[PDB]
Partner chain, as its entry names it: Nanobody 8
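Just one chain follows, in the form solved without its partner chain, and it is written as structure tokens.
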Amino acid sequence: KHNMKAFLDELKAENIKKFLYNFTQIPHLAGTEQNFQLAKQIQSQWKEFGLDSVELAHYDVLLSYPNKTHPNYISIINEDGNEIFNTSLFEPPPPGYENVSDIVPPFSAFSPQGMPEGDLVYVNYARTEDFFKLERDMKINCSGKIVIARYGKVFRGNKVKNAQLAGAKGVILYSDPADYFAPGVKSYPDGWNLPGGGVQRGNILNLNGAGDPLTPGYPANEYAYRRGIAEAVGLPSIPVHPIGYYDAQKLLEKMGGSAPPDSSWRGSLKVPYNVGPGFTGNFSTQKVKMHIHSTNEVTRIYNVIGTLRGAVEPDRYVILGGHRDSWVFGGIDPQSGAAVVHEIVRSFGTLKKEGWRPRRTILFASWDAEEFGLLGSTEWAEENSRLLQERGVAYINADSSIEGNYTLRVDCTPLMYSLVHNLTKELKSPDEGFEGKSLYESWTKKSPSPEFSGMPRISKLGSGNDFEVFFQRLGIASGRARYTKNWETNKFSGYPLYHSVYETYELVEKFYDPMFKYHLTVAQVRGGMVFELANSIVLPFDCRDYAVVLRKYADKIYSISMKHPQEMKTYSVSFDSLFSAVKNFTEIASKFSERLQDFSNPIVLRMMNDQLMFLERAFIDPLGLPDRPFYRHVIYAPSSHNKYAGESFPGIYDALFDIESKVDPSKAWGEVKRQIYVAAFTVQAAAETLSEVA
């Protein structure tokens, strides 16, 4: 028989291993010839595997690269202007790769050019609350200083945004061993820790879902009108560069000025972690000088788009997508995900060759330029937004399959919760000590839900990956699953070798997943979700799970507001409408579920499947969130302080944030009330899509 079990049994750990090896022998940086050749290879193989059509969709987007003949570096200079210490021009390459060409040296993509010289201020993780502490509590002024911040906790683009608004004239990012060196493990190549010469690459844009900086709203096709660089979306205005902890120690060791305010500001290096500004007495005349010469350049990128046409509902799309471009070899990010996608396509294709087709159409995507700001997935979604609006059932992302080997990590819309629970109860756990137990059992034991006994944790989607346009802009139900580490406080920081030259096939094969069993488990979860979404007669979404979470989020936002009782009295700030809407949604969702269980009539079925499909779509506000027009979902948005984290009722959350500091409280509380109205209205409107249609 051709059922989910046939599909799942065809998936093989050894094939995933072979594909991962094949994808990680050379760098595949977006916009380079090597990544175009890999795109052509995947296109060819997906056709071989049995897909109906496989095409490349290309766009010309703004990318950023170092200048090969004028390298980026940071110096300490003396009063004479002699450079007495220079940071590294490249990471020492790993064993056997010391002769690989085209390894991009560490840089921060989209940094402007400059050579700013100044006194250092150390800003911890450069979070909003770190800048509050510096400026409000310690009275340290970052204006015209070079800020040095440790990576970790929040997206690096937010750090740069925060440093820019503090008045900094440059930003140095570094990896502290406190965040990137696990105690008791060896550094690469002898273990999975970051060596002192390792450096995390990555873009520092603040695009807020815009996609290519030059073409917000529209695909960057052959006739596109491009903004001039001065009007581009999201580019930083100050130079930025990343370094490793051997170089960081040389910059930090001389720091003077104020002591760190507390131990949460101190990393693991043998330095005081003084905040500055500037160096201690003996070195007070030395300065730090950045030399950044990278260039932004419009460059062609290529997505591979494979189609497996549905037998019954070919105009309903279930999309499995993940990126193909990497900073260097991409051993974990993204090729551990891409190898899983490749084996899923192979498996679906095996069933297709035997005469099977899914009920709905499945689209498979290998996205380009994810690492430069989700560019490939966003431009393609801008080009196809009308088809996706009206036909998109769900998007399952497929970036890195492992970032650890401890347990599963799932983030998704509440509409998918029941599907994920049910599927993981049918899959085998790969974990030691759980042989013969379900994946649901191991996952629930290792990652218990904070509010429900005997359930696992499932998080909110934010951004920082290719689902963002489908979920936050277009309102298509989205989900993701991967294996992760125990390390909770590092949940946004990345594994130690993240975006470094050391993230190789050998890293994965020796230290993460030698048997490829975690990869296989992730392939089963992602593939199984796609299979059920594409083949179930009734779409496998449960609206009642949205009702439960909406109440939780309403309680949460009300609790934030209730820290200001006097202002709520003064300005008559009521959450009554929002709770009313949530109560209505709960009542209507319950009734719809009864009809769904209780309804041979394919028009009623498809009418009901359309109500299911358009329910996520109903949370979209076509006017977007304040000053973020491409984040349109009213229940979830990426946090304005950390793109990686999701925020619920983001319009109200941002209106309340730091409200006690606003200099016109009447205006600020008016905006809280406006956002409560928008949220209550959108919840009620979404509820009404589940009422009887006439």
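Residue numbers count along the first chain shown, from 1.
Below: the form solved in complex with its partner chain, not depicted.
**Student:** Counting non-hydrogen atoms within 4.5 angstroms of its partner chain in the entry with it bound, say which of 536, 286, 258, 438 makes the cut.
**Tutor:** Looking at the other structure, the residue within range turns out to be 286.
**Student:** Can you work out which of 254, 153, 346, 409 has a heavy atom no more than 4.5 Å from its partner chain in the entry with it bound?
**Tutor:** Contact with its partner chain in the entry with it bound is made by 254 alone.
**Student:** Would residue 331 count as touching its partner chain in the entry with it bound under a 4.5 Å heavy atom rule?
**Tutor:** So residue 331 does not count as contacting its partner chain.
**Student:** Even though its partner chain is not shown here, does residue 195 get within 4.5 Å of it in the entry with it bound, heavy atoms only?
**Tutor:** It does: once its partner chain is placed as it appears in the entry with it bound, residue 195 has a heavy atom within 4.5 Å of it.
**Student:** Please run the contact check for residue 250 against its partner chain in the entry with it bound: heavy atoms, 4.5 angstroms, yes or no?
**Tutor:** Contact with its partner chain, yes.
**Student:** Is residue 429 close enough to its partner chain in the entry with it bound to count, meaning some heavy atom within 4.5 Å?
**Tutor:** Residue-level check for residue 429: no, no contact with its partner chain.
**Student:** Report the stretch among 412-420, 506-514, 461-469, 91-99 that approaches its partner chain in the entry with it bound to within 4.5 Å, counting heavy atoms only.
**Tutor:** Going through the listed ranges, the match is 91-99.
**Student:** Can you tell me which residues in 75-92 come within 4.5 angstroms of its partner chain in the entry with it bound, by heavy atoms?
**Tutor:** Result: 78, 82, 84, 85, 86, 87, 88, 89, 90, 91, 92.
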